[PDB]
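Shown below, as structure tokens, is a lone chain in the form deposited in one PDB entry; questions about how it binds or moves come after it.
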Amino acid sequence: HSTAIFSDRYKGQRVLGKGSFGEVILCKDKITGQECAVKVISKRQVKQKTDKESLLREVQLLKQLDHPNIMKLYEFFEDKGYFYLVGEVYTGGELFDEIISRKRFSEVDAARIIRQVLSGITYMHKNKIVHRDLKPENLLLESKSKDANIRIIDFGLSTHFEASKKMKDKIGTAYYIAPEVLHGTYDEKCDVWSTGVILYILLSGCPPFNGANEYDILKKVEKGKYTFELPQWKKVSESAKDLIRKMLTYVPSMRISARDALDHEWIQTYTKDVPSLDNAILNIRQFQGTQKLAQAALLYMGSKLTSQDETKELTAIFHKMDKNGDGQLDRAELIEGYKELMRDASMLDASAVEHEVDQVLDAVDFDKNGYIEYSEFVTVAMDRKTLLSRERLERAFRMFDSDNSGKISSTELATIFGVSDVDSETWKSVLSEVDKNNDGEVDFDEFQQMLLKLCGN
């Protein structure tokens, strides 16, 4: 009897994106052609909280659960360096990204959204599974269809894996986390809190607990106080605010349960004219842009650091390989050395590496059947990734700059770097080095420059 190997069954199509605990890779069954979204959790980057026995049992259970608002899980694999969580793929993107793209959004729309969330949660709770880390990024739409269902992701991971302490992994988490979770004693009621935060945001476009940085947000959450004294709350029903109050009740025993929330007057009324919440849409669009850009900023810096690391490592690997030191390696050698390097969740296969080497070779017009200048290859393979990272950031800059002004203001930078948890006098210092004209604003290139300076370049 043999232990099942992931890559024997699945091939990687492409990267779907970055999630909690690992990279998510779109994959395809080598026989049946079934497409799946595979979260790949790196054992080196993420520590386990539970034992083997406890994990395997949870997986086994999760595979048998079924609910339209919960991500479907098909398979589980494990090897020396990784876990592989194989689930159903969803094509509709993040809930909030869909919402800002609309012209109209009412309490009716919000109620139908929250019912779906509460429904999925209620089910998982019945089965003694807690999310804990529930937020808008974990709410995916099933498809691109207007009336596509919401699929909750990452249920059950937090019980078994330790959360990353890295800011690039924590963006947005602080707004939604329940106070009891901070202090250590928590139960399924923490998920009702998070949903309550999400609802508050849906109807006002602002987080109830907010701050200049991660810790300030957490101070507010811990204190647990909030208000409906914003202007845009005047547009909202009393019942909506009543449910929010009940979900954002501090003491968890006093907090309304998920199942009881589904029976709340507000849910019952609005899910059976209602004005549009135009101000809420405005605020959510701004909120989302800011979050997405701070994320992009952190990923860019991370990619730059990774590249500096990998560039020198790859060169050192090939140098050792280049035994007579003439600078000439062949394709099979480049592959072996690239393999030794990756020893990219997307590259966890021999054929993946063969493919990627070939892509690099084709770009530089090097003949693949002869011998190659490895120094030249290295430059291209890394520049590709550097170029890719630059493009992702730019897109985020342009989206944030909704007025197409070409610029980001000093106030805006304060917000962005606050969310990125970059020290104030630190970024200001780097801004001072770049903005020698006292314009109090930066263009894309200047902004990029700052980020390079904030990662030791």
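In this text, residue numbers run from 1 along the sequence as written. So that the term is clear: the rigid core is the largest set of C-alpha atoms that superpose within 1.5 Å between two forms. Shifts are known only where both forms have a C-alpha.
When the other compared entries with both flanking residues are checked, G370 is unmodelled in at least a third. Across the other entries compared, none leave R102 without coordinates where the residues on each side are present, so it is far from a third. Unmodelled residues of the deposited sequence between neighbouring positions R343 and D344 number 4 to 9.
The modelled chain breaks after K272 and resumes at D273, leaving 4 to 9 residues of the deposited sequence without coordinates. Higher average CA B factor: 142-150, of the stretches 285-293 and 142-150. Between 63-71 and 39-47, it is 39-47 that carries the larger average Cα temperature factor according to the deposited entry.
By the numbers in the PDB entry, the CA B factor is greatest at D322 among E238, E214, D322, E265. Between the residues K165, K135, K128, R115, it is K165 that shows the highest Cα B-factor in the PDB record. For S194, the recorded CA B-factor ranks within the lowest third of the chain. Only modelled residues enter the ranking. Per the deposited record, the Cα B-factor of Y371 falls in the highest third when ranked against the other modelled residues of its chain. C27: CA B factor lies in the lowest third for its chain, per the PDB record. Sort the chain's modelled residues by C-alpha temperature factor and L157 lands in the middle third, per the entry. Among all modelled residues in its chain, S303 ranks in the middle third by Cα B-factor.
Omitted from view is the form deposited in another entry, to which the following refers.
Here the two forms are overlaid on the core, and between this form and the one not shown the C-alpha of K385 is the only one among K241, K385, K235, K72 to shift by 2 Å or more.
The Cα shift for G327 between this form and the one not shown, taken after rigid core superposition, is 2 angstroms or larger. Comparing the shared residues between this form and the one not shown on a common core, the stretches of 3 or more consecutive C-alphas each displaced by at least 2 Å are 324-327, 383-391, listed in sequence order.
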